[PDB]
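The form deposited in one PDB entry is given below as one chain in structure tokens.
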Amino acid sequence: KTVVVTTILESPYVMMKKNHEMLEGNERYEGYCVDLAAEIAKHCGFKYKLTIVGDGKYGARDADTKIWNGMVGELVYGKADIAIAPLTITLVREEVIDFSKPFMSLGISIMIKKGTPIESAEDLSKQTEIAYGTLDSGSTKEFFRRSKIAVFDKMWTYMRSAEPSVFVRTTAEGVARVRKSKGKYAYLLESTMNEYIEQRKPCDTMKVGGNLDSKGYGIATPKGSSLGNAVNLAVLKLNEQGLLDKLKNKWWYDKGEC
């Protein structure tokens, strides 16, 4: 019985191959999660089909309707058997689905265009000449909305009140905005993506400062899933054998363009 894998088009985790049109099935896709899915299925002994999440979302529960969207939605409503993607392990998600132990550790970080005289969160919060912001929705924004730490609360108030808006619709828009803003915009995003973009042409961005927090991506399965236990052991084994580090290197650095 073929396992339905839900995932999301997010570089360099899952991308359509340049020559995808001459390809079929799983082979249409490449990336860190594509490689990880193969390793997991190999170790747990299952065949699987990669499917792209229908609504292009990760997974948030609507406050009013209480409906779950994205890949979490596909798990809880029975459309997919497992999610393999840069999906953060969080309390609200863990209440309705299971996560493996983390396959990648990350935190919120700062992206600047090279030349921008900013070196940390503190620096940013102490000035306004260089605008800075986050995705207009989701986890990073929420970190600042809910934060009780002085400097981060400060940054948050600055962001809500800054004009024009410092928020962006998509991660790509955030990156593009840093790139086209001639050193006058800084983007706060997950460190994994920051580190990746830093190795891509035109090589005009960099990561500065330490991560503002600490979290991890996990493989997700429905509660009670007969795959959950084996998938978790697979992630730990892959980590312990150095495979996860090797996959990170392959996709961030070896295939790097800088």
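Under this definition, the rigid core comprises the largest set of C-alpha atoms superposing within 1.5 Å between the forms. Heads up: residue numbers just count along the shown sequence, starting at 1.
- Of the two stretches examined, 109 to 117 and 136 to 144, the record assigns the greater average C-alpha temperature factor to 136 to 144.
- Higher mean CA temperature factor between 119 to 127 and 154 to 162: 119 to 127, per the PDB entry.
- Comparing C-alpha B-factors across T221, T192, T205, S226 in the deposited entry, the largest value falls on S226.
- Across the residues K79, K180, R93, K184, the deposited record lists the maximum Cα B factor for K79.
- For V168, the recorded CA temperature factor ranks within the highest third of the chain's modelled residues.
- The PDB entry assigns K201 a C-alpha temperature factor belonging to the highest third of its chain's modelled residues.
- Annotation for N232: CA B-factor lies in the middle third of the chain's modelled residues.
- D64: CA B factor in the highest third of modelled residues in this chain (values from the PDB entry).
- Sort the chain's modelled residues by C-alpha temperature factor and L238 lands in the middle third, per the entry.
In what follows, reference is made to the form deposited in another entry, a form of this protein that is not presented.
- After superposition on the rigid core, the single residue among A80, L124, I97, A85 whose C-alpha moves by 2 Å or more between the shown form and the other one is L124.
- Relative to the superposed rigid core, the position of the CA of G183 differs between the shown form and the other one by 2 Å or more.
- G107 is not among the residues whose C-alpha shifts by 2 Å or more between the shown form and the other one once the rigid core is aligned; its shift stays under 2 Å.
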